[PDB]
Every structure is written in structure tokens, then in C-alpha cells.
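So you can see what is in the structure, the chains are spelled out below.
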Amino acid sequence: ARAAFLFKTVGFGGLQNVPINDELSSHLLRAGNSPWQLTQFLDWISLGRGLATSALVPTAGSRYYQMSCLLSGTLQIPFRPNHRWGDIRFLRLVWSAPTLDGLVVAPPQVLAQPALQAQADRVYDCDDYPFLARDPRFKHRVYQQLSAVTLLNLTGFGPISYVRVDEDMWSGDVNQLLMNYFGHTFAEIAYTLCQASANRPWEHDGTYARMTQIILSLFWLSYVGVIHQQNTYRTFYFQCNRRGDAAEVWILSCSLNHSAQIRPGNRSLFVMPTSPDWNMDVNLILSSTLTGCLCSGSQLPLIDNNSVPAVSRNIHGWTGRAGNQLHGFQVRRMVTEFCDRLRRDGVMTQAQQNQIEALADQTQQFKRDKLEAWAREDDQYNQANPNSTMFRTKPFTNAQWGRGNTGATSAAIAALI
Amino acid sequence: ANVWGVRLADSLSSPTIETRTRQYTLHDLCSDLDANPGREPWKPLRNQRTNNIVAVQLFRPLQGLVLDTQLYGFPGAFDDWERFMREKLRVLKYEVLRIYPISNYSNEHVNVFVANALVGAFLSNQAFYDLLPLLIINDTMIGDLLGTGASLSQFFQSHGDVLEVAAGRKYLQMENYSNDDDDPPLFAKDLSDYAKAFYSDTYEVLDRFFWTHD
Amino acid sequence: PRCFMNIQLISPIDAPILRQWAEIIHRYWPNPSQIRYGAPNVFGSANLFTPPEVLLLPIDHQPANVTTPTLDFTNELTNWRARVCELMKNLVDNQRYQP
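Numbers given for residues start from 1 on each chain and follow the written sequence, which can depart from the numbering in the entry; residues without coordinates are excluded. Both sets of labels track the order of writing: A upward for chains, 1 upward for ligands. Note: displayed chains form a subset of a larger assembly, with all reported quantities computed for the displayed subset only. To get the side-chain values, all heavy atoms of the structure are used, and hydrogens and water are removed first.

Taking the PDB entry as the reference, chain C is identified by name as Inner capsid protein lambda-1 belonging to Reovirus sp.. In the PDB, the entry goes by the title "Assembly intermediates of orthoreovirus captured in the cell".

For chain A, the PDB entry supplies the name Inner capsid protein sigma-2 and the organism Reovirus sp.. UniProt positions are given in the numbering used here, feature names are shortened, and annotations may be inferred rather than shown by experiment. Its UniProt record gives chain A a comment under Function, which states: "Inner capsid (core) component." Quoted straight from UniProt, the Subunit entry for chain A says "Interacts with protein mu-NS; in viral inclusions."

So this is what it looks like as C-alpha cells:
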């Protein structure tokens, strides 16, 4: 499938250096030395029915964002034409391994030394350094999160699911494996998968590939509300009736009422949003998490160069010369279209969708306001902070509070049955 | 050019020219089992003092020698070895005839590696009159050699879609050897165990497999 | 000593015995192989001297050919005791053990 492995190092819209401050690492390295903080990252969700929030990190938006800033700073050292490990600070940072592991304070001499400079947009290959280049396995392991960084990094905007629908995803072992999780919350099986590859990413055309395909696909179908109690996908569909809020629990169900048919014809596409409120959502992060493994086990298609910023084009590992341009939206009009075509089916009443929209856009308002306020606070911080710099999250613009451009995309992603 | 102790070219002599390979068929098998007077498929080499034949290197397919010499049996005289050879050969000739008629067909593919397993079984003086249709290559010996699960685990052994063997023998030292200044070494390719190689048909899956192999 | 791995350091009639000894050994000392074990997702791995999920053996593994017991007498152990037995034989063939 894929024997080529690369990545890139983040750029900035105006910062002369890394904005990472040791404080972040510390409050994360309070335990251990890992470069990936997967465990409490995932557990920091507070079950996702609500979020975990702090001044240091109010959202896993912020969490993973600084995770990224950190690891961007981290990689600086060992990875050069002059590859190496040990005794050169990156804000007192030192690894302790030839496999480039362990993270502690610089030695006294190394505390005095100047830190390694950084550069922006520093794309590289993940196969140059020899040590890990001897162990395929830990290499793959790290790659599934190098990707999680990279993909979100490649765009001035958010994450993307590479949704794919294909028939062979029906098989005996398949529906077998399916059977394991009836009446099950998406999030928990996501956890199981994080496990079942963190141990070992399954092999290229693994059973579990087709599975997670089913998972994310049915997820997004319910997400748009594509399938439902009557429009059913081999009679399976998640639920979360509490719609209108920032937390959903979509769960497997079988409908013995009507079933919708899958015509032949394999299809797929690449979805992002256009509202930077996703910081309440998690499902995007897990989809990212798994799609990373999908890459690290299976060589996957690429997108058009024009689909991405010019400086970030023609990437062997990610940026091919063709591939379906992204698909953006905003959750507000997302649930709008969702409930609307649902009632189009006549399984509702009008006041239903209406009372949905009320609370939904109420929440939209409030939390956008909170977002912008925290932005102001961080600005004043920077003003007070000539030397201890940071961005809680990927900096944004109000220009990102409008059209989802999702209109025809509705029918597009809808015609994937 | 003088590397650490060696002094070599400073300009090339490397050609580019190559040819095409042989394909194997029935009368291929036959003639190879004919040991053509004058076109015999071996090269009996010698020392280099008085140049006395003391070894041979083989032209596969005649290989498949996998076990201890102490079961082989053959004289210390060159000619004697060859006549005993010719005898047993024409015997197994009559045999393979019994199995397949000379006119049953004309020419057709057969797994050479299989033929060499037969070589070894015969010379080993052990029975093989049970692995017989397995000779005939229908389309791809890979699936053919891999269809079976347990038989004669002493030539070949299958693990998954893999077959694992040591390739047929190439050299043989004879009974006049004396470790002379004129004795070029075969490098232990005549041993009853000096190597192991492994096939299915493809790189990647075994490249996977090796995380669980030395 | 060097001679301990150098059979050339003695004449094979000055001491034919030890010469054939080392020679035999170099040619026949038993051969090792390995095998897998268990299921990783339920057992894991503690093997760190070796690629994951491997299990060596000082011996070569030989599969069987039918579900019944097998009548086997070409074993490197069979052949092995045979080796040392004939070594004794050749030994006692000495001219000097019959006055």
C-alpha cells in the first residue's frame, strides 16, 4: 500500500518563532514523557456529553492545538541533515533516547546553550532518521498522529472526514463484527478502536477498515440525517434525540419499518466545516484519529493541489495533483438542512424543527460570543507578553461566521447511496 | 583508486547486454533426464597443481540434495560415480514413463523445484511415488505448492501461503580433496544444511511477516 | 584455544581422533529452529531479545505427515547417537587395543 511517509512543520501568519511555552508541556508532562498525550486527551472529553474546560485549555480544540504547537517545537532537534539526539535545548527541552524518546529539562550546560532555531512550513520526510527507520512499527505508530497534526495544519480551516461508501463492506465477518455493538454509543466503540490500533494498527485491507468505514459513514449520514427510521442503510442508524445542543450521543438502531437500497457505485468525499465552534464536538477528532490509521495501513487517495494553499501543494504523502475539493459547512445551517429534509420526508411536524432551531442557534450565539471574548483576552495577553507567546487555539477570523456553501453539497453528499 | 588495502580501476568496464531466459517443458524434463553423452549437465572441476577432478558444480535442475551425505552412496572414482548415476537415471526414466507416457504429450510446464525434490527423494533412496501429479504445472506452482499442508516436511515446509526450503545443492567436493593452494572453495554450498530461503510470490505481505522473524 | 576452533593446528594422524572429533562436531552439532506462540491481543509479548512474537528452539522443527504416531529413525538425534557410536567404533579399531 504505502511505504512513503512524510509530514510538515507548521507555519505562522506572523510569528517569528514557536509560540510554545514550557508551562504547556509541564502541565501535560506532569506525568510521563510521551510526545502524544492520547490517553487523557481522549479522556479529557468528559464523556463528550459535555466538555472539559480550563483557563489553560478550555477545549480539546485548545488541547490538541497546543499539542500541535508543542510537538512542532519538539521535532526541531533530532531531525536535520545532521540528525542527532541529546544536549541541545529547545526551551530546556531534552529527549532521552536514540529512538528519540523521553522528555526532561536540559542539563545544566544545556540549560545555558541557545535553543535550536525554527523555520516555517518545514515539510520533511518521515523516513530519514535511521533509528526508527529500523523499526517499522513505532514508525507507523507515530505516523497516525503526525497525520492528525498535518491534515488540520494543511488548511487555514478545520478537520475533514474522508467519507467513503463501497459495497464489499458487506461481508459475513463484517456484519458479524457489526453485531458486537448494538445499542452502542459511537464514542465508546471509537475508544475500542483507539485501543485496537494503538496496540497494533490493523493491516491494509483489514476487516476493521470496512468497519470504521461503516461507522463514520453511518455517522455522517445521521449527521446530515441522510438515513433514518424509514430511510435505512441495511436497516441501521444512530440516534440522539437531544438535538439542538452542543452534545450528541448517536447510537446504533435497527428499523423494521422501511429499508432503503444501496445501488451499485462506489463513492467518497472530503468534508470540513466552516464554523470554528467544533471545539465542543469530539467526533471530528476521533474521525481524524481513525483516518490516520486508515492512511498508515492503507495507501489512500490524494486531493488536488488547487484544493490546498499553493505553498502546501504537490506533497507526495498528502498532496496529489487531483482529488475532490473539500466540503465545508456550518453546524447552524447543517442542522437546518438536516431537520428540514427530514421533515420533507414527513416524519415530523413543523414546530418540531422550529423548537430545534431556537435552542440551537441560541447556543450558537452564546458560544460564539464566548469565543470572541477569549480571543480579546488572549490579544491583551500578547500585548502584555513580549516573550511568553502563545495562541490557545488556531487564530481565527469573524470572516468565518457565514455561509456554509453547503447548498448543492446537500444533494451531493446525499447522492452517495 | 586505492581503498583500504585494495587497488582497482579508475575507469569502467561494465557492459549492458543481457538475454532472455529458458522456459521449462516436458521434453525439457526428459532430455535433462537423458544426461546427453557429451552434453552432460555438470562441470567436474579439479585442483590446479596437476588438475585432478576433485569436485563438481551443478547446473540446476539436478539439485535438491537436502540431507546427510551418509545416505547418498557413491564411489571415490569419477567414472564409477558417473556410471552408477547413468544406471539409476535410466531406471527412473523407465519409471516416469510408467507414470506419464512419452507421447502422453509433447511439452508442458512442471515445477522445477518439485523436480528437484524428486531428485533428492530418489537419490536419498526414499520413496516419492506419491507426489506425482503434483509435478504438472497447471498455471502457477505457487498455489500448487501451497495447496498442501503436511507431507515430506524434510524437503520443504509450508507456513501459510509460504514455502520455506533450502535451495537445491550446487557444489560437491569429492574424495581426493587436499586443501591445496590450488583448491578453490565451494563456500559450503555442498552442505546438508547451510542456508534457508523462503517464497510466496510477493514482497509486501512477508515484509509484514518479518516483524515475527529473525 | 585457537586450535579449539582450528582443526588444522594438529596432524590428523598425530591425533586422528580429535581431528575427526572437531570435524564431526562442526558438521553435525544439532541444528536449531523456532516457532510462534499464542495470540497477541489476549496475551501480548515479553520477548525483547528478538522480534515480537517469536520463540526459538535449539532444535529444528519437523512437521508430521499423518495424524497417527510416526515411525521415525533419521533424526539428528537418531543420526546423532549414531554418529558418536560410530565414532567409538572407529576409535576401538585401533591397532593398539589388541596385544
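Let's pick the thread back up.
Q: Residues and numbers for a nonpolar patch on the surface, please.
A: All names here are of chain C. A grouping of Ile17, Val84, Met88, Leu91 and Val92 is seen on the molecular surface, where their side chains present a nonpolar patch of about 380 Å² in accessible area. Under the scheme used here, helices are H or I runs from DSSP no shorter than 4 residues and strands are E runs no shorter than 2 residues, and both carry numbers assigned from the N terminus. Tallying contributions element by element places helix α3 (residues 78–92) first for the nonpolar patch, with four residues. Along the chain, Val92 turns up in helix α3. Patch definition: residues above 30% relative accessible area lacking any salt bridge, with like charges linked at up to 9 Å and the nonpolar side chains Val, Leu, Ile, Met, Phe, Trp and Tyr linked at up to 5 Å. Here the Shrake-Rupley method, with its probe set to 1.4 Å, supplies the accessible areas, and only the displayed protein chains count as covering residues. Only one rule defines a salt bridge in this text: a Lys or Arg side-chain nitrogen within 4 Å of an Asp or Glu carboxyl oxygen.

Q: Let's hear about the packing of helix α8 (residues 207–224) of chain A against helix α10 (residues 331–344) of chain A: which residues, and what values?
A: Geometrically, a packed helix pair is captured by the angle between its two axes and the distance between the axes. Residues and elements named next belong to chain A. At a closest axis distance of 7 Å, the pairing of α8 and α10 adopts a crossing angle of 85°. By the criterion of interaxial angle, the relationship of α8 to α10 is roughly perpendicular. Listed contacts from α10 to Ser222, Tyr223 and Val224 of α8 are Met334, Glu337 and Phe338. Here an angle of 0 to 180 degrees is reported between the N-to-C directions of two axes, which are lines fitted to C-alpha atoms, with helices fitted over the stretch in contact. Roughly parallel covers angles under 35 degrees, roughly antiparallel covers those over 145, roughly perpendicular covers 65 to 115, and oblique covers all other angles. Any pair of residues with heavy atoms lying within 4.5 Å of one another is described as a contacting pair.

Q: Account for the sheet that holds strand β2 (residues 53–58) of chain B, naming residues and giving values.
A: All names here are of chain B. The strand order β1-β2-β5 describes an open sheet built from three strands, whose pairing is antiparallel. Edge positions in the sheet fall to β1 (42–46) and β5 (171–173), since each has one partner strand and no second. Direction aside, neighbouring strands of the sheet carry axes that sit 25° apart on average. The pairing of β2 with β5 spans three bridges and is antiparallel. Along β5, the bridge assignment pairs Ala55 with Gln173. Criterion used throughout: strands pair if DSSP finds at least two bridges between them.

Q: Which residues make up helix α3 (residues 112–123) of chain B, and what values go with them?
A: Residue and element names in this part refer to chain B. Here α3 contains twelve residues, and its C-alpha end-to-end distance of 16 Å stays within 8% of the 16 Å for a straight helix at 1.5 Å per residue. Accessible area is worked out with a 1.4 Å probe on protein chains only. A residue is then buried under 20% of its type maximum, exposed over 50%, and partly exposed in between. For α3, the set of buried residues is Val112, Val114, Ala115, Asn116, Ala117, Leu118, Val119, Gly120 and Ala121. Looking at the buried positions of α3, the neighbouring elements they touch are α4 (141–146). The N-capping residue of α3, defined by a side-chain oxygen 2.7 Å from the backbone nitrogen of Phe113, is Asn111. Directly beyond the C-terminal end of α3, a positive phi value near 70° is found at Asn125. Here a helix's expected span is defined as the number of its residues, less one, multiplied by 1.5 Å. Each polar contact in these results corresponds to two N or O atoms within 3.5 Å; when the atoms are within protein, one needs to be able to donate a hydrogen and the other to accept it, and residues that are neighboring in sequence are counted only if both atoms are side-chain atoms.

Q: How would you explain the nonpolar core if you had to name every residue and give the values?
A: Residue and element names in this part refer to chain A. Here, the term nonpolar core denotes a set of buried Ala, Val, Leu, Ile, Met, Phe, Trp, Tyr and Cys residues that are joined through side-chain atoms within 4.5 Å. The biggest cluster of nonpolar side chains holds 27 residues, and the ones touching the most others in it are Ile227, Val335 and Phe338. Elements supplying a minimum of two residues to this core: β5 (161–165), α8, β6 (267–271) and α10. Dropping the residues within four chain positions of it, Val335 is found in contact with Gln353 and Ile356.

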